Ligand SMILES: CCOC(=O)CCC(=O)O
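Only one chain is given next, in structure tokens, and it is the form deposited without this ligand.
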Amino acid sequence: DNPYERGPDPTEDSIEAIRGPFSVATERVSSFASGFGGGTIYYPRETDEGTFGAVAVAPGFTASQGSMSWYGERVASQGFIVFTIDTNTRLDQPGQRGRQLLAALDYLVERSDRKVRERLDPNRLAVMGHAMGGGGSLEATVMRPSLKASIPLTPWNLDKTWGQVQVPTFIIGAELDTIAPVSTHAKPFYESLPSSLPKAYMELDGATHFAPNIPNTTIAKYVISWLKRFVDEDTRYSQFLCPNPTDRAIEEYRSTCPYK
């Protein structure tokens, strides 16, 4: 058996749910934390199924953790520790955001409150972020190839080459994005990721740049599935990723299914 499986067997409704099987508590981390601007940790309360993997979540240029706060309970309740962080400054660039995502994960492993630490599997970590924070998700995987998953949301980065990434990466784009256009950011990132890498591109039909800051069942259900598959190695969730999703909200989905 897979020792990392958590919660009951999934359905399309269970990954679409506003609330998963686990109840959620929070721990606040002040900006005096080393290497990033603090944040909020969301974690599952029930301990009887074992420890959980974690994902650090970055906001974009000009923004703060509040723009990302809806991922907190919705994703943690599925069986994850979720760390929505603030950056050192609102003007930090993607490389900097990448370093701060890693500093946030290292805080979780090394210095977080006992309540979080006792629930955390330090071996199974992921990154996610919006816009320049999504560019930071990419940056982080080059900086630390041992990460289990990466989800750049409407990502922004001047660096278009990602041929060395080894971390399973799920890029979500917004069709009508004028700030980080899919034509000049999301799509060239996806095309540059190795063809041998477990990866997926999902473009949201008619969506604007700020769609990742607005609760979105299409985003949520496949974010949860991606994290389950790669942070937990949970092949119960392969069914939602392969074959490719056909939801009406999706303008395009491409992938490197199967994920062996």
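Numbering starts at 1 and runs along the sequence shown.
**Request:** State which stretch shows the higher mean Cα B factor in the entry: 50-58 or 29-37.
**Result:** Here the higher of the two C-alpha B-factor means belongs to 29-37.
**Request:** Return whichever of 17-25 and 248-256 has the greater mean Cα B factor according to the PDB record.
**Result:** Between 17-25 and 248-256, it is 17-25.
**Request:** Name the one of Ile81, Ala140, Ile172, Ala104 with the greatest CA B-factor according to the PDB entry.
**Result:** If I rank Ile81, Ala140, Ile172, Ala104 by C-alpha B-factor, first place goes to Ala104.
**Asked** Reading the B-factor column of the entry, which of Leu91, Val182, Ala131, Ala126 has the highest value at its C-alpha atom?
**Response** Highest C-alpha B-factor among the listed residues goes to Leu91.
**Item:** Chain thirds of CA B-factor: placement of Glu203
**Value:** For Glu203, whose C-alpha B-factor we compare with every modelled residue in the chain, the answer is the lowest third.
**Message:** Which third, lowest, middle or highest, does the C-alpha temperature factor of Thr235 belong to within its own chain?
**Reply:** It belongs to the middle third of the chain when residues are ordered by C-alpha B-factor.
**Item:** Chain third (lowest, middle, highest) by recorded CA B-factor, residue given as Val109
**Value:** Within its chain, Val109 is a highest-third residue by C-alpha B-factor, going by the deposited values.
**Message:** By the recorded C-alpha temperature factor, relative to the other modelled residues in its chain, which third is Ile85 in?
**Reply:** Middle third - that is where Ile85 ends up once the chain's C-alpha B-factors are sorted.
**Message:** Where does the C-alpha B-factor of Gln164 rank in its chain, lowest, middle or highest third?
**Reply:** Ranked within chain, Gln164 CA B lands in the highest tercile.
Missing here is the form deposited with this ligand bound; even so, the following discussion is about that form.
**this ligand contact in the deposited complex: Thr62, any heavy atom under 4.5 Å** = Yes, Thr62 is a contact residue.
**Request:** Decide whether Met132 counts as a contact residue for this ligand in the deposited complex under a heavy atom distance cut-off of 4.5 Å.
**Result:** Flag for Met132 set to yes.
**Message:** Since only the chain is shown here, I'm wondering whether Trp156 would be in contact with this ligand in the deposited complex (any heavy atom pair within 4.5 Å).
**Reply:** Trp156 belongs to the contact set for this ligand.
**Request:** State yes or no: in the deposited complex, is some non-hydrogen atom of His209 no more than 4.5 angstroms from a non-hydrogen atom of this ligand?
**Result:** Although this ligand is absent here, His209 would touch it in the deposited complex, with heavy atoms inside 4.5 Å.
**Asked** Which one, 188-196, 230-238, 53-61, 215-223, holds residues whose non-hydrogen atoms are within 4.5 Å of this ligand in the deposited complex?
**Response** Looking at the other structure, the answer is 53-61.
**Prompt:** Just one of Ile179, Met143, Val109, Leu176 has a heavy atom within 4.5 angstroms of this ligand in the deposited complex, so which one?
**Reply:** After the contact test, the surviving option is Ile179.
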